[PDB]
Amino acid sequence: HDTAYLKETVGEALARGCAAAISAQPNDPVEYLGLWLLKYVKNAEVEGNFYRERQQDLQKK
Amino acid sequence: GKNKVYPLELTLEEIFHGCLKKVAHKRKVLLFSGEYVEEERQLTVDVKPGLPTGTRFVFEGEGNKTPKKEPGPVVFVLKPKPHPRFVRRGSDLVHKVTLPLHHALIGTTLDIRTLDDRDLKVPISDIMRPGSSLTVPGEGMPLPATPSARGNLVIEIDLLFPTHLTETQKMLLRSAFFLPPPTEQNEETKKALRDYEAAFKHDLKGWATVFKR
Amino acid sequence: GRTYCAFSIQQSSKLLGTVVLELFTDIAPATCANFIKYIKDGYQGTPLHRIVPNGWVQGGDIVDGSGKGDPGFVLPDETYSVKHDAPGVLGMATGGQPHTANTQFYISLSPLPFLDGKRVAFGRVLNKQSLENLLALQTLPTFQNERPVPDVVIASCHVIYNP
Amino acid sequence: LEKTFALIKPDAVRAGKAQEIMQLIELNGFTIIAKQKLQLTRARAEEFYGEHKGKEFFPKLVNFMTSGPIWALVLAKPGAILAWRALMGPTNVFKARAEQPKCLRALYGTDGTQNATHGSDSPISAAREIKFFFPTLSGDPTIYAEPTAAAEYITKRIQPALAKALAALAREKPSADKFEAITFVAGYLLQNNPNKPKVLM
Amino acid sequence: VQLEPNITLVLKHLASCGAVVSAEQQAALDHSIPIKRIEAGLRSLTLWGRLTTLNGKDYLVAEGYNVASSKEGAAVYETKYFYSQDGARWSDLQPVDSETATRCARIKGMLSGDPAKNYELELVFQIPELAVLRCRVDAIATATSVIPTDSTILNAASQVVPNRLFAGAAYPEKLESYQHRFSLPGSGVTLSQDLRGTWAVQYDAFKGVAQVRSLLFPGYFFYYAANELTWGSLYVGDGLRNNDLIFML
């Protein structure tokens with residue numbers, strides 16, 4: 001049912017976000033969590049980009 | 001559907017840098033008593049760098065609570081306090097400097113202390129027209145969309161003409177405003193100009209540099 | 001780059017038309033997987049059950065063929081992302097309450113704003129000939145209480161262009 | 001290894017003795033974890049001195065603390081709090097000169113309120129104040145990371161906004177891919193949340 | 001090894017090439033470089049050069065930058081240029097847009113002293129002299145900014161920073177040991193990749209000092225002392241360009 005959808009869609013990253021938000025003790029935990037999720041997707045794409053650039057530089061050398 | 005609108009006054013430095021204000025609210029809850037009872041809530045409002053004037057921050061669920069209706073939101077409208085130097089005009093600042101006439105013609109350097117703790121010295125690049133202006137790019141308020149780019153500082157020039165001039169000063173001004181081009185000058189003209197310049201910049205009896213009494 | 005599948009419509013030994021459909025195998029994958037598994041094994045002789053004039057052409061029951069629910073499986077609700085705004089939007093149908101979807105499918109014949117967020121839409125018609133075939137199927141000679149009086153049947157059904 | 005908060009007051013900064021104070025602090029075994037020069041405003045100082053609310057000395061204390069820039073420091077040592085109290089010496093300069101002549105109050109203080117330094121009292125106050133001036137400085141992974149306290153934290157603050165967000169998402173049911181749903185729920189959380197307002201222009 | 005070229009060492013090593021400044025201006029520089037470095041937010045403000053003029057009031061031009069990043073395959077410095085007539089009081093040089101940047105390269109000549117001078121082109125286009133000065137400085141900096149190779153390096157967040165473990169350049173007489181400042185550290189681009197006859201290198205191997213002189217821009221000198229590992233560069237003379245390099249060589 002719907003709980004399976006919620007789980008296998010958000011839960012894995014949401015648990016890490018909650019652990020990060022509770023370790024740091026911010027002043028606005030909800031906003032902290034939202035910005036954390038945005039930075040999460042952004043850092044995934046940028047680490048892919050970083051791997052690509054490193055490989056390209058090695059090949060050119 | 002009534003809401004309580006409150007001005008929120010900020011200084012240009014706060015809006016430039018991005019403040020984090022804690023405001024107080026006096027909220028009234030109606031009871032059976034003839035008079036009301038009120039409490040002070042604290043609200044954290046986070047103004048981002050260079051938000052446009054007139055920005056509305058709405059707190060939903062905060063406001064005077066009548067017995068039957070859930071209270072409507074409370075609105076804070078951002079407005080800037082007057083500044084001694086700058087006035088913001090959209091995304092860039094405006095500085096209105098009064099300029100001497102000889103600074104306009106001959107040219108000098110205006111001195112301006114920016115909102116950031118950096119001083120600024122801007123040359124006068126030509127004969128400043130009356131009602132003209134100068135523009136220094138990248139020296140305005142930050143762009144609310146992108147937190148790196150900024151506007152351009154705008155100097156609006158209002159000339160300060162001299163109040164008194166003697167007849168010999170007027171003679172000198174007319175000789176300056178009608179001097180022939182340097183390829184049309186006689187040898188007498190060049191010798192006279194050299195003599196006058198050596199006399200006006202005389203190190204002990206010339207008036208090129210004097211000390212104020 | 002999606003998958004494609006086609007089937008024929010025939011009324012009383014008279015070929016009424018054929019239709020080809022694209023399946024949104026990038027939006028709602030599991031629904032497409034179930035639909036192709038049932039069009040490979042099933043839908044071969046299942047009547048067109050419910051036909052609303054300016055609404056949708058519905059049908060595709062398996063064990064009964066006349067509009068009552070079937071046992072053996074229940075399909076969960078995948079996604080409300082495809083919006084019913086243009087004709088020829090294939091989707092699955094279920095009871096009022098979600099997570100009871102069955103082989104019953106429906107193809108829209110007009111903009112259907114209300115259905116958005118209530119029914120899983122996971123496909124589309126491909127060309128104008130198929131859409132005109134459905135629009136012509138609307139005005140059958142006689143159809144009694146939203147069912148064609150003769151049996152308008154899927155004679156053939158097959159999958160083309162993809163695994 | 002613990003750490004405490006300590007600020008050099010405007011009187012020892014107006015006299016240019018801040019650098020000597022830092023050197024003395026470092027000579028005794030401390031380690032300046034983070035330092036910052038900053039000028040408090042009236043509201044920030046009043047919130048800072050919340051414990052002595054409505055006291056008799058509060059007006060002059062808050063008026064002096066916002067007369068010039070101060071220095072804020074975090075000092076780390078095994079016995080940081082008690083060691084900094086001992087080094088900082090007695091709280092009254094006139095008493096300090098008689099009791100401990102070679103102490104920061106005696107050397108740089110001039111008055112009962114112009115003691116030229118401020119330190120913490122207890123670990124709870126120290127952690128509170130470090131969080132007050134250094135919101136991003138990490139620390140205390142034991143009291144915060146505690147299953148009972150963590151469950152209470154999630155329930156009391158994060159859970160009320162999260163439950164509404166996961167419900168709205170279950171109602172909407174966006175695309176089955178992870179990224180779209182994650183972006184949707186993050187935007188929802190950043191859009192309507194209890195403590196922050198909504199920004200319109 | 002070094003992190004910022006001196007003014008005294010540069011003025012000492014480049015004295016023989018005519019790259020000298022007045023003594024009173026030297027003292028004024030010594031006093032008023034830190035003042036401008038602190039007034040502006042810059043963290044590295046050196047003397048760029050000295051351009052001549054129809055008057056005696058040459059333009060002393062200084063250059064300073066806060067951040068130096070690696071953008072689009074090029075090490076880009078957010079430079080800021082200042083000018084003065086005497087070393088006491090500096091003013092700023094605002095950048096120029098592209099239309100003026102193309103209408104300022106046709107004004108060949110020697111700049112006058114008052115920076116409130118307007119040149120005329122063709123309708124008449126009235127251009128300020130400070131725009132021409134900035135154009136010439138930008139062109140010279142694009143063509144001539146020389147530093148020893150591997151003197152810079154890339155860190156995290158892609159900022160070009162001084163190589164604190166730089167052990168100097170072997171063979172300091174070969175042009176392969178020098179590079180433009182806006183070449184990324186990994187790239188093997190040097191002054192050799194420029195036109196063959198543009199740069200002249202005279203290397204005193206006993207005292208261990210190398211001089212690189214620009215022949216396309218005749219007034220640009222660069223010195224590199226290997227034993228003490230100090231490199232600097234100055235530009236004296238006007239900013240006009242030597243078009244007919246083929247005939248002179």
# chains A, B, ... in the order shown; residues from 1 in each chain; ligands from 1
$ closest_atom_pairs --of "chain A" --to "chain B" --cutoff "12 Å" --atoms "only C-alpha atoms" --output "CSV"
residue,atom,partner,partner_atom,distance
A:27,CA,B:44,CA,10.1
A:28,CA,B:44,CA,9.8
A:31,CA,B:46,CA,11.5
$ write_last_selection --atoms "C-alpha atoms" --output "CSV table (one decimal), in the first residue's frame"
chain,number,residue,atom,x,y,z
A,27,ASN,CA,17.7,26.9,15.1
A,28,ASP,CA,15.2,26.0,12.3
A,31,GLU,CA,14.5,24.7,6.9
$ closest_atom_pairs --of "region 151-211 of chain E" --to "region 35-59 of chain A" --cutoff "12 Å" --atoms "only C-alpha atoms" --output "Markdown table"
| residue | atom | partner | partner_atom | distance |
| --- | --- | --- | --- | --- |
| E:156 | CA | A:50 | CA | 11.7 |
| E:157 | CA | A:50 | CA | 11.4 |
| E:158 | CA | A:50 | CA | 11.6 |
| E:186 | CA | A:57 | CA | 9.0 |
| E:187 | CA | A:57 | CA | 9.7 |
$ atom_distance --atom1 "CA of residue 155 (chain D)" --atom2 "CA of residue 3 (chain A)"
19.2 Å
$ residues_around --residues "residue 137 (chain D)" --least-positions-apart "6" --cutoff "10 Å" --atoms "only C-alpha atoms" --output "list in words"
residues 24 of chain A; 33, 34, 74, 130 and 131 of chain D
$ closest_atom_pairs --of "chain C" --to "chain D" --cutoff "9 Å" --atoms "only C-alpha atoms" --output "JSON lines"
{"residue": "C:27", "atom": "CA", "partner": "D:175", "partner_atom": "CA", "distance": 6.6}
{"residue": "C:28", "atom": "CA", "partner": "D:176", "partner_atom": "CA", "distance": 7.1}
{"residue": "C:29", "atom": "CA", "partner": "D:176", "partner_atom": "CA", "distance": 8.8}
{"residue": "C:77", "atom": "CA", "partner": "D:173", "partner_atom": "CA", "distance": 8.7}
{"residue": "C:78", "atom": "CA", "partner": "D:176", "partner_atom": "CA", "distance": 6.9}
{"residue": "C:79", "atom": "CA", "partner": "D:175", "partner_atom": "CA", "distance": 5.6}
{"residue": "C:80", "atom": "CA", "partner": "D:173", "partner_atom": "CA", "distance": 5.9}
{"residue": "C:81", "atom": "CA", "partner": "D:175", "partner_atom": "CA", "distance": 5.9}
{"residue": "C:117", "atom": "CA", "partner": "D:172", "partner_atom": "CA", "distance": 7.0}
$ closest_atom_pairs --of "chain B" --to "chain D" --cutoff "7 Å" --atoms "only C-alpha atoms" --output "CSV"
residue,atom,partner,partner_atom,distance
B:44,CA,D:196,CA,6.7
B:45,CA,D:196,CA,6.7
B:54,CA,D:201,CA,6.4
B:55,CA,D:201,CA,4.4
B:56,CA,D:200,CA,5.0
B:57,CA,D:199,CA,4.9
B:58,CA,D:198,CA,5.3
B:59,CA,D:197,CA,4.9
$ write_last_selection --atoms "N, CA and C atoms" --output "compact mmCIF listing (two decimals), in the first residue's frame"
# COMPACT_ATOMS: atom_id res chain seq x y z
N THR B 44 10.88 35.09 14.50
CA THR B 44 12.16 35.21 13.81
C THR B 44 11.90 35.41 12.32
N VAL B 45 12.28 36.58 11.81
CA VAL B 45 12.14 36.90 10.39
C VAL B 45 13.54 37.00 9.79
N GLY B 54 9.16 46.59 0.17
CA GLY B 54 7.78 46.18 0.03
C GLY B 54 7.56 44.69 0.17
N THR B 55 8.61 43.93 0.46
CA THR B 55 8.47 42.50 0.69
C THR B 55 7.56 42.24 1.89
N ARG B 56 6.65 41.29 1.74
CA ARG B 56 5.69 40.94 2.77
C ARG B 56 6.05 39.59 3.36
N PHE B 57 6.26 39.55 4.67
CA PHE B 57 6.41 38.31 5.41
C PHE B 57 5.11 38.04 6.15
N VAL B 58 4.47 36.92 5.85
CA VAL B 58 3.17 36.59 6.43
C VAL B 58 3.35 35.41 7.38
N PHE B 59 2.95 35.61 8.63
CA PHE B 59 2.93 34.54 9.62
C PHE B 59 1.49 34.04 9.74
